[PDB]
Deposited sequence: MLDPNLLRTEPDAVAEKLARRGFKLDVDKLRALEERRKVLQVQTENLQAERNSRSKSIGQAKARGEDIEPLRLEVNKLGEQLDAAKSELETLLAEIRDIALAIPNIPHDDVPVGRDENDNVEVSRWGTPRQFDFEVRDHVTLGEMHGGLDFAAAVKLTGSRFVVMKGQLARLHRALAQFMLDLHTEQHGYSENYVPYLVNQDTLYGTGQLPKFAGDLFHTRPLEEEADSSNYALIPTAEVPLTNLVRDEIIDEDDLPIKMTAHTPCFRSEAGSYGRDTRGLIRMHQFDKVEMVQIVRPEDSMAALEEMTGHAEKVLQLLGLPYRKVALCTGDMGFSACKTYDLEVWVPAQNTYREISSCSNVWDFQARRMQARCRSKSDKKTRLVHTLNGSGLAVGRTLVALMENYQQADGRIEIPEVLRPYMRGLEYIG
């Protein structure tokens, strides 16, 4: 959600920044709705006041209360009708306001799509192979460890069954990532629900605009009016909502949280690349408004550190205005080298959300003296998407016979094992 006072004072200036994302803000409709809202708001508050006054006259006349009671009931019917008409108009304003993406920060390069993204840095040298590179699907078949056919039998397309040592390696990657962020990077570990409610989804921006990208669960028989849930598309959703409706003491900031969860989306026909269910170790930071740009560089470095310790070459890319996600104001993507595809592929997206989710959640901070609160800033970043790390690990460390060399940093997580196979 953008600042409603910013939409009322500078609508054309806001529409200009949003045009860089390719978003056309309907300024004309927002103005006509807002002018009609002020007319209905005055009419409604006048009815609220006269009804309140007419009912006080009843208690004052108790010292015939029937002619006064009829008037109070007509005023009550008129007030409810005016309140419903007003609420219908407020919901139309909300339908527009809650579908507006975040305003891009000035640091973001202007661009129309992913071909306009700017490479910021590169690390490591892609391996030169002495044989024909096999992809992760072929490697998983050779080991009997990645089985897409069994997952189609159990469920359907875009799911996987991992078996044996490759399932073990996938678990080891998550253990290493969680240990790195909690032991070296200052994040606190969290176990979160994988089903969340509508308030949580509105809070992080998935609702109202991206309902179709979620798996929704039908309400339960015994919780019929309070169980309209959806599976989490990322741990960013439950983690960021932990500060919803909170006033945090600024001394307690930053709040740095991590979690390893499955992620569920219904948004590459072959492999672990774009599945409906995938594991991801997520990093979330809740910070003071002035520290969010520095916290973005810090969190991006925490994700880069995972790729560096694993020996996986990668590139850091600043997303342009046209390639950013809905709630981000600034994003860096990390793209890992994938030898069978001869290119870098996205493995992490690190964003500064500014106060866009804090506005929806009412997440604020305050100094003990300060007579006023302030919205916090929120940030989220993959550190990393675990299945994509397994793809990169398998392809970059494959041997001529298909054996997988286990990166040195993961060997304590595999009981010192050097190779799978």
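Missing C-alpha stretches, by deposited numbering?
Going by the record, the segments left unmodelled (no C-alpha atoms) fall at 64-66, 271-276.
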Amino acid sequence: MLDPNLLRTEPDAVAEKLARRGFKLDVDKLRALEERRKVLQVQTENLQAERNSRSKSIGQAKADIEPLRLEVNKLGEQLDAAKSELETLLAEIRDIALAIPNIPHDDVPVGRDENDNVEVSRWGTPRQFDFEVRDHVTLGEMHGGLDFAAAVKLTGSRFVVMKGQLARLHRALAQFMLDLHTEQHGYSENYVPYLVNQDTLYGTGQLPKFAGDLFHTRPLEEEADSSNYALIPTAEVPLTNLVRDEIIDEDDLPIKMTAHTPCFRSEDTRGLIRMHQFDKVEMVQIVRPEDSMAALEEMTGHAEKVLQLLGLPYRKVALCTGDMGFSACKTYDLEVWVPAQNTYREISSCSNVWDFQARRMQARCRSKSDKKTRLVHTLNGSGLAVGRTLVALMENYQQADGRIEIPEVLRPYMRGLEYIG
From here on, numbers count along this sequence of modelled residues.
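C-alpha atoms forming the largest set that superposes within 1.5 Å between two forms make up the rigid core.
Of the stretches 355-363 and 370-378, which sits farther from where it is here in 4 other deposited structures of this protein, on average over its Cα atoms, after fitting the core?
Between 355-363 and 370-378, the one lying farther away in 4 other deposited structures of this protein is 370-378.
Per the entry, where is the mean C-alpha temperature factor higher: 67-75 or 247-255?
In the deposited entry, the stretch with the higher C-alpha B-factor mean is 67-75.
Take the C-alpha B-factors listed in the entry for 88-96 and for 189-197, compute each mean, and give the stretch with the larger one.
The stretch with the larger average C-alpha B-factor is 88-96.
Select one of 108, 149, 177, 263: the residue whose C-alpha shows the highest B-factor in the crystal structure entry.
Spelled out: the listed residue with the top C-alpha B-factor is 108.
If you compare 216, 163, 122, 280, which has the highest Cα B-factor in the entry?
That would be 122, according to the entry.
Using the temperature factors of the C-alpha atoms in this entry, rank residue 27 within its chain: lowest, middle or highest third.
Answer is highest: the recorded C-alpha B-factor places it there.
Lowest, middle or highest third: which one holds residue 112 when the chain's residues are ordered by CA B-factor from the entry?
Its C-alpha B-factor belongs to the highest third of this chain's values.
Which third of the chain holds residue 43 when residues are ordered by C-alpha B factor: lowest, middle or highest?
Answer is middle: the recorded C-alpha B-factor places it there.
Is the Cα B-factor recorded for residue 236 in the lowest, middle or highest third of its chain?
Ranked within chain, residue 236 CA B lands in the lowest tercile.
Which third of the chain does residue 372 land in by C-alpha B-factor: lowest, middle or highest?
Highest third - that is where residue 372 ends up once the chain's C-alpha B-factors are sorted.
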